[PDB]
Amino acid sequence: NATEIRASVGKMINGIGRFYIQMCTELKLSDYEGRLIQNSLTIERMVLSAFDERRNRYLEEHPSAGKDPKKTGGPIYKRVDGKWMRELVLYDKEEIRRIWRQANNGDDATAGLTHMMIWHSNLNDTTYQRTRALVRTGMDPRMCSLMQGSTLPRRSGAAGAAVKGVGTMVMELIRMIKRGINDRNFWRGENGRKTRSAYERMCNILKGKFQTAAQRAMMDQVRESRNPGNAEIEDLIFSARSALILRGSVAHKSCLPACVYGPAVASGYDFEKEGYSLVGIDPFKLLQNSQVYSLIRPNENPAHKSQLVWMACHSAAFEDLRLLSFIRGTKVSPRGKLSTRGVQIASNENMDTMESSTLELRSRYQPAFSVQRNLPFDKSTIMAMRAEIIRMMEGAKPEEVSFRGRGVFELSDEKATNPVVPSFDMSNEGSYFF
Amino acid sequence: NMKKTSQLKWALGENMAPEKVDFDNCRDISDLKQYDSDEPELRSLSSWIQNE
Amino acid sequence: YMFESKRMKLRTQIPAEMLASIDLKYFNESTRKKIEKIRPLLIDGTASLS
RNA sequence: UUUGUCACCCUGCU
RNA sequence: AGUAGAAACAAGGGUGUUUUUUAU
């Protein structure tokens, strides 16, 4: 079972790599581009727009502004002789249909679709701060490191449960019901079937997410509620503070983009023979031994842009620096402390001043030797199963995020023999979002 | 003003009137028929009405 | 008249103009035996009453 | 579920 | 559920706004 699953994963890896390869060859790119993150992301985008039914529908409707219908493309970069040049073409979609095809033995591959799109999604996570979103919903600020799957597509039957952090689900549910207030037909409609279906799966999976016998029943109650409303809302938000105190079973893992699948293939390796472990050492190794190009504007340290790339390409979810900077040879500096504006480039600003650089994608590495960490002693703000959750809050060990995934030991320690006792420098902050 | 909780809407009958849609759409559905217009259920006398 | 579906919670209104063409699988016995006796008089919504 | 993130009015015999 | 009894109520109408964007 698990063996076959790993085999299929490796096969999808191989497929994504081929795909990148073919795309490159056709566009008429060269080695550099094979390791050009920007163009890689452009291609990924393109393919994603491509495999979407709702997308197809809307477009066929009235595409209007934008590239021509049935085809599309992205800002694709290329130095001329001296400076880089940013173009844009609406690649025909049949081409894309056939490229995925050959790349995947004629077998559709949404599994890796989601793998890589998760990738770009968490990357955007390392880069942006959706503070407003929160209150925009009314949730009120929750300084948290979860909600990794907050900005991802709809279809992750499994990946969503894997990465969508309690916060994501809570926020979704808030809007869900919320629209079930602003709107009345959500239930006052034949659509009711689909609607309840959704509410229900969510309930179940989110309640299961955390691990507090107490709230679990509360969530059961919230679900059994029909015609949901505000009370449900207050319930959920507290419980989410309570989650701030309780681990979301949802566990983030690790990502690899086509750019990287691409030379992994163009270089020489058997992916279908050995599936790359998104929670093991294989991807780590491939990356450490992989070249990469990131275009960078002035006033942006290459050590800081590489750090930003690191978290996003390690599924950090704004993880704790107490190990993040360990796990990697160098010191990981806080978000507000880095000179960078993300990875994506806008169209509004100068392009001549684009220094390309090579991305530093490498890493040096409760009875258990690892010591889970919580820093929540703001009972005051917590105050700001009533007594059950209260007491459980009073004197207990909480946790923002548990990166039990990604066994990262000593990179020479390939299957976790010598857990090197961790040395955390308590001087620096623990949360990426501080 | 009482907060609105589950049991209170249940008892007070909130969100329970059927939706108003046209005949052009739900014309091919089953169990679609008139409102009931039957005689009420028959009953016989008791003893408490005189005592009251 | 007003029709209701108990299984999907739908209520709808039909006007008196459809009482010469509508399918008769929607009414109880009294309404059926009234419609099928008034039907030889319906002219554009009205009904001949001499 | 949805291409959505949130708002806005009106009416109580028409 | 309940009102209610030969058919209904458990509210009914319009107005919005929309190709990936770096952060608090």
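Couple of notes before you dig in:
- Anisotropy class of the stretch A:234-310 from Cα gyration tensor, a/c 1.5 cut: oblate
- Positive-end extreme of charge dipole, the stretch A:151-285 - chosen from A:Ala258, A:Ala162, A:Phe210 (charges on Cβ): A:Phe210
- Under a model in which nothing but the beta-carbon of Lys, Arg (+1) and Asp, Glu (-1) is charged, the stretch A:33-137 shows a dipole of about 400 debye around its Cα centre.
- Taking Cα centre as origin and charging only the Cβ of basic (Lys, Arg, +1) and acidic (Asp, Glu, -1) residues, the dipole magnitude of the stretch A:343-434 rounds to 620 debye.
- Per residue, the convex hull spanned by the Cα atoms of chain B amounts to 218 cubic angstrom.
- In the stretch A:305-411 the Cα-Cα distances spread across 10 Å bins starting at 0 as 10, 32, 26, 19, 9, 3, 0 percent of all pairs.
- Dipole of the stretch A:1-160 computed with +1 at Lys/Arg Cβ and -1 at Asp/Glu Cβ about the Cα centre; of A:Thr25, A:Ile99, A:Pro75, farthest Cα towards the positive end is A:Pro75.
- Computed about the Cα centre, the dipole magnitude for the stretch A:137-187 is approximately 140 debye when only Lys and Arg (+1) and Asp and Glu (-1) carry charge, each at its Cβ.
- Under Stokes-Einstein, with the Kirkwood radius over Cα pairs as Rh, the value for the stretch A:77-140 at 4 °C and 1.567 mPa s is 81 µm²/s.
- Close amide H contacts of A:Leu36 (hydrogens built in the peptide plane, cut-off under 5 Å, sequence separation of 5 or more or a different chain): A:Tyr293.
- Highest-first packing order for the peptide set A:354-364, B:18-28, A:286-296, A:160-170 is A:160-170, A:286-296, A:354-364, B:18-28, based on the mean count of other beta carbon atoms within 10 Å.
- Angstrom value of the Kirkwood radius, inverse mean 1/r, which spans all Cα pairs in the stretch A:27-85: 13.2
- A straight line joining the Cα centroids of the stretch A:322-401 and the stretch A:1-28 runs 31 Å.
- For the stretch A:302-380, the residue among A:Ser306, A:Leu361, A:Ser333 whose Cα projects farthest onto the positive side of the dipole built from Cβ charges is A:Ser333.
- Between the stretch A:115-185 and the stretch A:236-295, the alpha-carbon center distance in angstrom: 20
- Range of Cα positions in the stretch A:1-140 per principal axis (Å), largest first: 51, 48, 37
- Each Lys or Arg adds one and each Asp or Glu subtracts one; over the other residues with Cβ under 11 Å from the Cβ of A:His252, this totals +2.
- Cα gyration tensor category, rounded, prolate or oblate, for the stretch A:245-385 with a/c compared to 1.5: oblate
- Degrees between helix C:29-38 axis and first principal axis of chain C (Cα, 0 to 90, nearest 10): 30
- For chain C, the fraction of C-alpha pairs more than 18 angstrom apart is 37%.
- Cα-based equivalent ellipsoid, the stretch A:156-245: semi-axes from gyration tensor eigenvalues, Å: 21, 15, 11
- Convex hull volume per residue for chain A, taking Cα atoms only, in Å³: 174
- Amide H to amide H, with H built 1.01 Å from N, A:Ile296 comes under 5 Å of A:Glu355, A:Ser356, A:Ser357, counting only residues 5 or more places away or on other chains.
Quick note: the coordinates plus some simple rules give every number you see, no bench work behind them. As a convention, Cβ positions derive from the backbone with ideal geometry for all residues, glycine included, and neighbour counts pool all protein chains shown.
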